[PDB]
Amino acid sequence: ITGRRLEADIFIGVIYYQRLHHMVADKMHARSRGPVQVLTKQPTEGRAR
RNA sequence: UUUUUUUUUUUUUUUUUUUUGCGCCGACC
């Protein structure tokens, strides 16, 4: 941003990095209203349902 | 030549508007 030299020598290298399956696309869940359990009349369990 | 039964009136149409449970395994914080 500033374009100035950093006051410290920054350690930089090549590191093998792995992307894991824990993605936010499969983890975001939002429920307002919907299906309920027949026995307890309470909200169901799971993002799929 | 012979006894021991009783008797009367007041309630209406062809018909109508969302898979629960059981157990197992892996994994995140």
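Per chain, numbering begins at 1; letters A, B, ... match sequence-line order. Side chains are part of it too, since the values below use all heavy atoms of this structure and drop only hydrogens, waters and symmetry mates.
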- Flag, side chain of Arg47(A) to backbone of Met28(A), donor-acceptor distance under 3.5 Å: yes
- Query: Any idea which heavy atoms bring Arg31(A) and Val36(A) closest together, and the distance?
  - Reply: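 That would be NH2-CG1, 4.0 Å.
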Just the table, please: protein N/O against nucleotides 20-24 of chain B N/O, every pair under 3.5 Å.
unit_1, atom_1, unit_2, atom_2, d
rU20(B), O5', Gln37(A), OE1, 3.1

- Tell me whether the sugar of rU9(B) sits north or south, going by the sign of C1'-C2'-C3'-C4' (positive is north, negative is south).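 Since its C1'-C2'-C3'-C4' torsion is positive, the sugar of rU9(B) is on the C3'-endo, or north, side.
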- List in numerical order all residues of residues 15-34 of chain A for which some heavy atom is under 4.0 Å away from an atom belonging to RNA chain B.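 Heavy-atom contacts with RNA chain B come from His22(A), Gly34(A).
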